[PDB]
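Asker: Contents are CSV, C-alpha atoms; file name upload.csv:
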```csv
chain,number,residue,atom,x,y,z
Q,6,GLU,CA,66.2,4.7,60.1
Q,7,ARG,CA,69.4,3.0,61.4
Q,8,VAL,CA,72.6,3.1,59.4
Q,9,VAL,CA,75.3,0.5,60.2
Q,10,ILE,CA,78.8,1.3,59.2
Q,11,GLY,CA,81.6,-1.2,58.7
Q,12,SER,CA,85.4,-0.8,59.1
Q,13,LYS,CA,88.7,-2.6,58.6
Q,14,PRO,CA,90.9,-3.1,61.7
Q,15,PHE,CA,93.2,0.0,61.6
Q,16,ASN,CA,93.5,3.7,62.6
Q,17,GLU,CA,92.2,5.4,59.5
Q,18,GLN,CA,89.2,3.2,59.3
Q,19,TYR,CA,88.2,3.6,63.0
Q,20,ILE,CA,88.5,7.4,62.5
Q,21,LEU,CA,86.6,7.5,59.2
Q,22,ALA,CA,83.8,5.1,60.2
Q,23,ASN,CA,83.1,7.2,63.3
Q,24,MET,CA,83.3,10.4,61.3
Q,25,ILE,CA,80.5,9.2,58.9
Q,26,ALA,CA,78.5,8.0,61.9
Q,27,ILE,CA,78.7,11.3,63.7
Q,28,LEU,CA,77.9,13.3,60.5
Q,29,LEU,CA,74.8,11.1,59.9
Q,30,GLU,CA,73.6,11.5,63.5
Q,31,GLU,CA,74.0,15.3,63.1
Q,32,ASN,CA,71.7,15.0,60.1
Q,33,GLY,CA,69.0,13.0,61.8
Q,34,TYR,CA,70.0,9.4,61.4
Q,35,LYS,CA,70.7,6.7,64.0
Q,36,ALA,CA,74.2,5.2,63.3
Q,37,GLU,CA,76.1,2.2,64.5
Q,38,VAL,CA,79.8,1.6,63.9
Q,39,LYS,CA,81.2,-1.9,63.7
Q,40,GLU,CA,84.9,-1.1,64.6
Q,41,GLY,CA,87.3,-3.6,63.0
Q,42,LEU,CA,84.4,-5.8,61.6
Q,43,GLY,CA,87.0,-7.5,59.5
Q,44,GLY,CA,89.1,-7.1,56.4
Q,45,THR,CA,88.1,-6.2,52.8
Q,46,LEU,CA,85.9,-9.1,52.0
Q,47,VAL,CA,84.3,-9.4,55.4
Q,48,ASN,CA,83.1,-5.8,54.9
Q,49,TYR,CA,82.2,-6.1,51.2
Q,50,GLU,CA,80.1,-9.3,51.7
Q,51,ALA,CA,78.4,-7.7,54.8
Q,52,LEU,CA,77.6,-4.7,52.5
Q,53,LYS,CA,76.1,-7.0,49.8
Q,54,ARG,CA,74.0,-8.8,52.5
Q,55,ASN,CA,72.8,-5.4,53.9
Q,56,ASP,CA,74.2,-6.3,57.4
Q,57,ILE,CA,76.1,-3.0,56.9
Q,58,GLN,CA,74.9,-0.1,54.7
Q,59,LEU,CA,78.3,1.5,53.9
Q,60,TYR,CA,82.0,1.5,54.6
Q,61,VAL,CA,85.3,3.1,53.4
Q,62,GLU,CA,87.0,1.1,50.6
Q,63,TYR,CA,90.1,1.9,48.5
Q,64,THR,CA,90.1,1.9,44.7
Q,65,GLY,CA,93.1,-0.3,44.1
Q,66,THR,CA,92.0,-2.7,46.9
Q,67,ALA,CA,88.5,-3.0,45.3
Q,68,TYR,CA,90.2,-3.4,41.8
Q,69,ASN,CA,92.5,-6.2,43.0
Q,70,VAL,CA,90.8,-8.0,46.0
Q,71,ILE,CA,87.0,-7.6,45.3
Q,72,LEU,CA,86.8,-7.5,41.5
Q,73,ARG,CA,90.0,-9.6,40.9
Q,74,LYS,CA,90.8,-7.6,37.8
Q,75,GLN,CA,94.0,-7.6,35.6
Q,76,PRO,CA,96.8,-5.0,36.4
Q,77,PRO,CA,97.2,-2.4,33.7
Q,78,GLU,CA,100.6,-1.8,32.1
Q,79,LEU,CA,100.7,1.6,33.9
Q,80,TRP,CA,98.4,2.6,36.8
Q,81,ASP,CA,96.3,5.6,36.2
Q,82,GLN,CA,94.2,7.1,39.1
Q,83,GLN,CA,90.9,7.8,37.2
Q,84,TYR,CA,91.0,4.7,35.0
Q,85,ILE,CA,91.1,2.6,38.2
Q,86,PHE,CA,88.4,4.7,39.9
Q,87,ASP,CA,86.1,4.4,36.9
Q,88,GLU,CA,86.7,0.6,36.5
Q,89,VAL,CA,85.9,0.1,40.2
Q,90,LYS,CA,82.7,2.2,40.0
Q,91,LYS,CA,81.5,0.3,36.9
Q,92,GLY,CA,82.6,-3.0,38.3
Q,93,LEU,CA,81.0,-2.7,41.7
Q,94,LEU,CA,77.7,-1.4,40.2
Q,95,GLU,CA,77.4,-4.1,37.5
Q,96,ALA,CA,78.3,-7.0,39.9
Q,97,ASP,CA,76.5,-6.0,43.1
Q,98,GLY,CA,74.6,-2.8,42.6
Q,99,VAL,CA,77.1,-1.2,45.0
Q,100,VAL,CA,77.4,2.6,44.5
Q,101,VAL,CA,80.4,4.9,45.0
Q,102,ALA,CA,78.8,7.7,47.1
Q,103,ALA,CA,81.9,9.9,47.6
Q,104,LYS,CA,85.7,10.3,47.0
Q,105,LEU,CA,87.1,11.4,50.4
Q,106,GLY,CA,90.0,13.3,48.8
Q,107,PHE,CA,93.1,11.2,49.8
Q,108,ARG,CA,95.0,8.1,48.7
Q,109,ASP,CA,96.5,5.6,51.1
Q,110,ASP,CA,99.2,4.2,48.8
Q,111,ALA,CA,102.3,2.0,49.1
Q,112,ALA,CA,104.9,4.6,48.0
Q,113,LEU,CA,108.5,5.5,48.4
Q,114,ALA,CA,109.8,7.7,51.1
Q,115,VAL,CA,113.1,9.6,51.7
Q,116,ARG,CA,114.5,11.9,54.5
Q,117,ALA,CA,112.7,15.3,54.3
Q,118,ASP,CA,115.8,17.5,54.8
Q,119,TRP,CA,117.6,15.7,51.9
Q,120,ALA,CA,114.5,15.9,49.7
Q,121,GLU,CA,114.2,19.7,50.4
Q,122,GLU,CA,117.9,20.4,49.7
Q,123,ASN,CA,117.7,18.5,46.4
Q,124,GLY,CA,114.2,19.4,45.3
Q,125,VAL,CA,113.0,15.7,45.2
Q,126,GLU,CA,109.2,15.4,45.2
Q,127,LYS,CA,108.5,12.6,42.8
Q,128,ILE,CA,110.0,9.1,42.0
Q,129,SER,CA,111.3,10.5,38.7
Q,130,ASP,CA,113.3,13.1,40.6
Q,131,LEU,CA,115.3,10.1,42.1
Q,132,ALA,CA,116.8,9.4,38.6
Q,133,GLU,CA,120.1,11.3,38.9
Q,134,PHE,CA,120.6,10.2,42.6
Q,135,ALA,CA,119.5,6.5,42.4
Q,136,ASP,CA,122.8,4.7,42.0
Q,137,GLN,CA,124.1,6.5,45.1
Q,138,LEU,CA,121.1,5.6,47.3
Q,139,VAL,CA,120.4,2.5,49.5
Q,140,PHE,CA,116.9,1.0,49.3
Q,141,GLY,CA,115.5,-0.6,52.5
Q,142,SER,CA,113.0,-3.4,51.9
Q,143,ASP,CA,110.8,-6.0,53.7
Q,144,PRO,CA,108.9,-9.2,52.8
Q,145,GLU,CA,105.7,-7.2,52.3
Q,146,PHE,CA,107.1,-4.9,49.6
Q,147,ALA,CA,109.1,-7.7,47.9
Q,148,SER,CA,106.1,-9.9,47.5
Q,149,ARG,CA,104.1,-7.2,45.7
Q,150,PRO,CA,103.4,-7.7,42.0
Q,151,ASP,CA,104.5,-4.1,41.4
Q,152,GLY,CA,107.8,-3.4,43.1
Q,153,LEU,CA,111.5,-2.6,42.4
Q,154,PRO,CA,111.6,-4.4,39.0
Q,155,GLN,CA,108.6,-2.4,37.8
Q,156,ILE,CA,110.1,0.9,39.2
Q,157,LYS,CA,113.3,0.1,37.2
Q,158,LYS,CA,111.3,-0.6,34.0
Q,159,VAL,CA,109.1,2.5,34.3
Q,160,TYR,CA,111.6,5.0,35.8
Q,161,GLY,CA,114.8,3.6,34.2
Q,162,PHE,CA,117.0,3.4,37.3
Q,163,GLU,CA,118.2,0.9,40.0
Q,164,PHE,CA,119.4,1.7,43.5
Q,165,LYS,CA,123.0,1.2,44.7
Q,166,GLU,CA,122.0,-1.8,47.0
Q,167,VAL,CA,118.9,-3.4,48.6
Q,168,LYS,CA,119.0,-4.1,52.3
Q,169,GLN,CA,116.3,-6.6,53.5
Q,170,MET,CA,115.0,-6.3,57.0
Q,171,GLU,CA,112.0,-6.8,59.4
Q,172,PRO,CA,109.1,-4.4,58.7
Q,173,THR,CA,109.4,-3.1,62.3
Q,174,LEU,CA,113.0,-1.9,61.7
Q,175,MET,CA,112.3,0.1,58.5
Q,176,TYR,CA,111.8,3.6,59.9
Q,177,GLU,CA,114.7,3.1,62.4
Q,178,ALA,CA,117.0,2.1,59.5
Q,179,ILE,CA,116.2,5.3,57.5
Q,180,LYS,CA,116.3,7.4,60.6
Q,181,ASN,CA,119.8,6.0,61.4
Q,182,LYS,CA,120.8,6.6,57.7
Q,183,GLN,CA,121.5,2.9,57.2
Q,184,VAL,CA,119.2,3.2,54.2
Q,185,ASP,CA,118.1,6.2,52.1
Q,186,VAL,CA,114.7,5.1,50.6
Q,187,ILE,CA,112.0,2.9,52.1
Q,188,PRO,CA,108.5,1.7,51.2
Q,189,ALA,CA,106.0,3.6,53.3
Q,190,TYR,CA,102.2,4.1,53.2
Q,191,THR,CA,101.2,7.7,52.3
Q,192,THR,CA,98.9,8.2,55.4
Q,193,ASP,CA,101.2,6.5,57.9
Q,194,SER,CA,101.9,8.8,60.9
Q,195,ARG,CA,105.5,7.5,61.0
Q,196,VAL,CA,106.2,9.5,57.8
Q,197,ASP,CA,105.8,12.7,59.9
Q,198,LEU,CA,107.3,11.3,63.2
Q,199,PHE,CA,110.6,10.3,61.4
Q,200,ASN,CA,110.5,13.5,59.3
Q,201,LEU,CA,110.3,11.8,55.9
Q,202,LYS,CA,109.0,12.9,52.5
Q,203,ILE,CA,106.6,10.8,50.6
Q,204,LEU,CA,107.2,10.8,46.8
Q,205,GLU,CA,104.7,11.0,44.0
Q,206,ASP,CA,104.4,8.0,41.8
Q,207,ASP,CA,104.3,10.4,38.8
Q,208,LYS,CA,104.5,7.7,36.1
Q,209,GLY,CA,102.2,5.1,37.6
Q,210,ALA,CA,104.5,2.2,38.5
Q,211,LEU,CA,102.4,1.4,41.6
Q,212,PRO,CA,98.6,1.0,42.2
Q,213,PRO,CA,96.4,4.0,43.4
Q,214,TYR,CA,94.3,3.7,46.5
Q,215,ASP,CA,91.7,6.6,46.5
Q,216,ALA,CA,89.5,6.4,49.6
Q,217,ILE,CA,85.9,6.1,48.6
Q,218,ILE,CA,82.6,5.7,50.5
Q,219,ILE,CA,80.7,2.7,49.0
Q,220,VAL,CA,77.0,2.0,49.7
Q,221,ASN,CA,74.7,-0.9,48.9
Q,222,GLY,CA,72.1,-0.5,46.2
Q,223,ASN,CA,69.1,0.0,48.6
Q,224,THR,CA,70.9,2.7,50.7
Q,225,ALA,CA,72.1,4.5,47.5
Q,226,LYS,CA,68.4,5.3,46.7
Q,227,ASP,CA,68.1,7.4,49.9
Q,228,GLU,CA,68.7,10.8,48.4
Q,229,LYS,CA,69.0,12.6,51.7
Q,230,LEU,CA,71.6,10.1,53.0
Q,231,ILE,CA,73.7,10.4,49.8
Q,232,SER,CA,73.5,14.2,50.1
Q,233,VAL,CA,75.0,14.0,53.6
Q,234,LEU,CA,77.8,11.7,52.5
Q,235,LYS,CA,78.6,14.1,49.7
Q,236,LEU,CA,79.5,16.7,52.3
Q,237,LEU,CA,82.7,14.6,52.7
Q,238,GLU,CA,83.5,14.8,48.9
Q,239,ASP,CA,87.1,16.0,48.6
Q,240,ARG,CA,87.0,16.9,52.3
Q,241,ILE,CA,90.2,15.1,53.4
Q,242,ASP,CA,93.5,15.2,51.6
Q,243,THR,CA,96.5,12.9,52.2
Q,244,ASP,CA,98.3,15.4,54.5
Q,245,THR,CA,95.1,15.8,56.6
Q,246,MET,CA,94.4,12.0,56.9
Q,247,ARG,CA,98.0,11.4,57.9
Q,248,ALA,CA,97.7,14.1,60.7
Q,249,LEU,CA,94.5,12.5,61.9
Q,250,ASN,CA,96.3,9.1,62.0
Q,251,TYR,CA,99.1,10.9,63.9
Q,252,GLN,CA,96.5,11.8,66.6
Q,253,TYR,CA,95.6,8.1,67.0
Q,254,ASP,CA,99.0,6.5,66.6
Q,255,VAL,CA,101.3,9.0,68.4
Q,256,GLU,CA,99.0,11.0,70.7
Q,257,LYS,CA,96.9,7.9,71.6
Q,258,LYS,CA,93.6,9.8,71.1
Q,259,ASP,CA,90.3,7.9,70.8
Q,260,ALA,CA,89.3,7.4,67.1
Q,261,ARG,CA,85.7,8.8,67.7
Q,262,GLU,CA,87.0,11.9,69.4
Q,263,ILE,CA,89.5,12.5,66.6
Q,264,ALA,CA,86.5,12.3,64.1
Q,265,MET,CA,84.4,14.6,66.4
Q,266,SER,CA,87.1,17.3,66.6
Q,267,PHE,CA,87.6,17.3,62.7
Q,268,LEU,CA,83.9,17.6,62.0
Q,269,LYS,CA,83.5,20.4,64.6
Q,270,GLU,CA,86.5,22.3,63.1
Q,271,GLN,CA,85.0,21.9,59.6
Q,272,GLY,CA,81.7,23.3,60.9
Q,273,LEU,CA,79.8,20.1,59.8
Q,274,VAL,CA,78.8,19.4,63.5
Q,275,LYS,CA,77.5,21.9,66.1
```
What's the structure tokens form of this structure?
Answerer:
Amino acid sequence: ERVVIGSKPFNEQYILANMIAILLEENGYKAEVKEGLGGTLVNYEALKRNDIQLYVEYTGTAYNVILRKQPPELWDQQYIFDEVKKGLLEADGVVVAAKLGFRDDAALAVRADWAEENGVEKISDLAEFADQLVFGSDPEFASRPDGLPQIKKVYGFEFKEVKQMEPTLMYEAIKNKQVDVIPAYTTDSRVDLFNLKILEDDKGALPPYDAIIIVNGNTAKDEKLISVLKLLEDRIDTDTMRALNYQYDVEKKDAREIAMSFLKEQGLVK
């Protein structure tokens, strides 16, 4: 039959929606992609209605926006994954078909050369350096329920100073060494373009956003289709997703051709 695939309006989603479409067509299905159908709830309600049969959601996003659940004291990856799986199934019969293998998290980033020289890889590594470092911030990060005050509480440090600025000036500020630490999304191509290092939230101050393929109840009962989606299980790590986003954002490549190239390299199409 025909499988309709939703997506949210940004790079990663255009690439992943097309990837699933191509893979399904390779395995005998007819697939349609609705590129930038809408945001989280446009897609989720479309999924419940069976106007679409699947899309790529994120665990923390499902936890907060869809299920409207209470933040835990500390964010644990699998706790949130299991709560989302149970929650979507009980409420709507929606099934988690696959974990893709990457998280698209709000995180902290620093310059990569400095991180290398000092062996900084996690937020807890910043402890001894914190009171010497300048933190760059925007309205988007400051408005978050989990932010700098939660980082202080969990990690036990505060930065030298906080410089507020427009979100479009953040990477320039860290590149020009006006600030030393910025909020950045883990799969954002600019992390690589500005030679930054993303840090592990090793203590769980911030929410996890594991990328998952979710399917409606009726589509979940198609054993062949599920098997095909399972070929993407742990297929794409955060480094890999970011480099795919780089092809879109920096190299200006078409999202579908980015997906096609990946699938061919992985031997899943041809």
Asker: Which residue gives the smallest distance to residue 91 in chain Q among Q:223, Q:75, Q:169, Q:64, with only C-alpha atoms counted?
Answerer: Q:64
Asker: Hey, which of Q:202, Q:185, Q:14, Q:97 ends up closest to residue 124 in chain Q? Count all atoms listed in the file.
Answerer: Q:202
Asker: I'd like the neighbourhood of residue 224 in chain Q as an NGL selection string, where a residue qualifies if any of its atoms comes within 12 Å (using only C-alpha atoms), though same-chain residues fewer than 6 positions away should be ignored.
Answerer: :Q and (6-10 or 52-53 or 55-60 or 98-102 or 230-232 or 234)
Asker: Using only C-alpha atoms, which of Q:71, Q:61, Q:168, Q:109 sits nearest residue 24 in chain Q?
Answerer: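 Distance minimum relative to residue 24 in chain Q lands on Q:61.
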Asker: Could you name the residues that touch residue 166 in chain Q at 8 Å or less, counting all atoms listed in the file, but leaving out those on the same chain fewer than 6 positions away, as a PyMOL selection string?
Answerer: chain Q and resi 138-140
Asker: Write the residues you've just listed into a file as a PDB file, keeping the file's coordinate frame, and include C-alpha atoms for each of them.
Answerer:
```
ATOM      1  CA  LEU Q 138     121.100   5.600  47.300  1.00  0.00           C
ATOM      2  CA  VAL Q 139     120.400   2.500  49.500  1.00  0.00           C
ATOM      3  CA  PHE Q 140     116.900   1.000  49.300  1.00  0.00           C
TER       4      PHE Q 140
END
```
Asker: Separation of CA of residue 65 in chain Q and CA of residue 208 in chain Q, in Å?
Answerer: 16.1 Å
Asker: Take CA of residue 13 in chain Q and CA of residue 217 in chain Q and report the distance between them in Å, one decimal.
Answerer: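 Computing it gives 13.5 Å between the two atoms.
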Asker: Excluding same-chain residues fewer than 4 positions from residue 186 in chain Q, what lies within 9 Å of it counting all atoms listed in the file, as a compact mmCIF listing (two decimals) with C-alpha atoms, in the frame of the given file?
Answerer:
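That gives us selection-v9.txt:
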```
# COMPACT_ATOMS: atom_id res chain seq x y z
CA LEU Q 113 108.50 5.50 48.40
CA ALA Q 114 109.80 7.70 51.10
CA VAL Q 115 113.10 9.60 51.70
CA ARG Q 116 114.50 11.90 54.50
CA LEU Q 138 121.10 5.60 47.30
CA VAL Q 139 120.40 2.50 49.50
CA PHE Q 140 116.90 1.00 49.30
CA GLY Q 141 115.50 -0.60 52.50
CA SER Q 142 113.00 -3.40 51.90
CA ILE Q 179 116.20 5.30 57.50
```
Asker: Set the distance at 12 Å and use all atoms listed in the file: which residues neighbour residue 275 in chain Q once local chain neighbours fewer than 4 positions away are removed? I'd like the list as a PyMOL selection string.
Answerer: chain Q and resi 27-28+30-32+265-271
Asker: Any idea what's packed within 12 Å of residue 249 in chain Q, counting all atoms listed in the file, ignoring anything in its chain fewer than 2 positions away? Could you give it as a PyMOL selection string?
Answerer: chain Q and resi 16-21+24+192-194+197+241-247+251-268
Asker: When you count all atoms listed in the file, which of these residues is closest to residue 79 in chain Q: Q:148, Q:23, Q:155, Q:173?
Answerer: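 Closest to residue 79 in chain Q of all the choices is Q:155.
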